[PDB]
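S.K.: any chance you could fold what I've pasted below:
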Amino acid sequence: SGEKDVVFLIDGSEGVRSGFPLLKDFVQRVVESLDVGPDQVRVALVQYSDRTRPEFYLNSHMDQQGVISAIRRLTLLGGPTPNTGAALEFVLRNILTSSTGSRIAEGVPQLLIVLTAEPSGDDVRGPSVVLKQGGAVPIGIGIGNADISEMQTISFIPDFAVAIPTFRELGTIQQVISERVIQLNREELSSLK
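M.R.: Numbering: from 1, shown residues only. Now the structure:
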């Protein structure tokens, strides 16, 4: 993979309560495929609903076992709606920063994996533009009642968006999502607009 910064942005609103254990499994499984280390892949995770709660930053746990432990202990944030736009902007402002471990200034890809299961409670259009202008490379994964149109808007290019019918089908895309993290590189990303 070379070096990558990978941020998981996870909808923790009421709509995901039932599916949350499977969401945690999926994230763990993606991380199991990566070479996590201070000099390799760094991982961060944020939950969101009507507010955004960082769980860990890119420099919080820089070995795989520790990142996996942090994922396993996650508890549902809770909340009435997924304000996905506000959460995207929070990530750009507060997570993709040198001071919290991001290698953005050195040209390391900033991969953002967004997992949500409802239509956004806020407008994602404006935030999506800002995020991509700011150097984030998002992959929007919309589960269940999420809108693939919103995932297309959020994603680095529309074709990065993924729809899956149910939380139980997250396993079916773990391999392809891992491979994106591993295979995406700075120059290839630049070539895509």
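S.K.: list the helices and strands the top helix by length along the chain packs on?
M.R.: Identified as the longest helix of the chain according to DSSP state H is helix 20-32. Applying 3 or more C-beta pairs under 8 Å, 6 or more residues apart in numbering; DSSP states H and E, we find helix 20-32 packed against strand 4-11, helix 64-72, strand 110-116, helix 174-183. In this view, the C-beta of every residue, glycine as well, is placed from N, C-alpha and C.
S.K.: and the strands in this structure, which stretches?
M.R.: Assigned by DSSP state E, the strands in the chain fall at 4-11, 41-48, 52-56, 110-116, 136-143, 162-164.
S.K.: partner strands of the last one and their direction?
M.R.: Sheet pairing of strand 162-164 (DSSP bridges) gives strand 136-143 (parallel).
S.K.: how far off centre is the strand it pairs with?
M.R.: Its chain's C-alpha centre and that of strand 136-143 lie 6 Å apart, by C-alpha atoms, centre = their mean, to the nearest Å.
S.K.: any buried residues in that strand, and which?
M.R.: 136, 137, 138, 139, 140, 141, 142, 143 (16 or more other C-beta atoms under 10 Å).
S.K.: sorry, back to before: closest to residue 54 out of the helices and strands packed on helix 20-32?
M.R.: strand 4-11 (9.8 Å; C-beta to C-beta).
S.K.: will you turn the buried residues of strand 136-143 into CSV that also has distance to residue 107?
M.R.: Conversion of the buried residues of strand 136-143 to CSV gives the following (distance: C-beta to C-beta, whole Å):
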residue, distance to residue 107
136, 14
137, 12
138, 18
139, 19
140, 23
141, 25
142, 29
143, 32
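S.K.: ok, residue 189 - contacts?
M.R.: 109, 137, 156 (C-beta atoms under 8 Å, 6 or more residues apart in numbering).
S.K.: let's see 6 Å
M.R.: Residues in contact with residue 189 (C-beta atoms under 6 Å, 6 or more residues apart in numbering) are residue 137.
S.K.: neighbours of residue 63, how many?
M.R.: 12 (other C-beta atoms under 10 Å).
S.K.: also the one 10 residues further on?
M.R.: By the criterion of other C-beta under 10 Å, residue 73 has 9 neighbours.
S.K.: what about it, distance to residue 61?
M.R.: Using C-beta to C-beta, to the nearest Å, one gets 11 Å for the distance from residue 73 to residue 61.
S.K.: with residue 184 instead?
M.R.: 23 Å.
S.K.: ok, now residue 88?
M.R.: Residue 88 is 23 Å from residue 61, by C-beta to C-beta.
S.K.: same deal with residue 41?
M.R.: 12 Å.
S.K.: same deal with residue 138?
M.R.: 22 Å.
S.K.: neighbour count for residue 41 and residue 61, which is higher?
M.R.: residue 41 (25 against 20).
S.K.: partner residues bridging that one?
M.R.: residue 4, residue 36.
S.K.: contacting residues for it?
M.R.: 1, 4, 34, 35.
S.K.: may I have the phi/psi pair for the last one?
M.R.: So that's residue 35. With angles defined as degrees, to the nearest 10, residue 35 sits at phi -90, psi 90.
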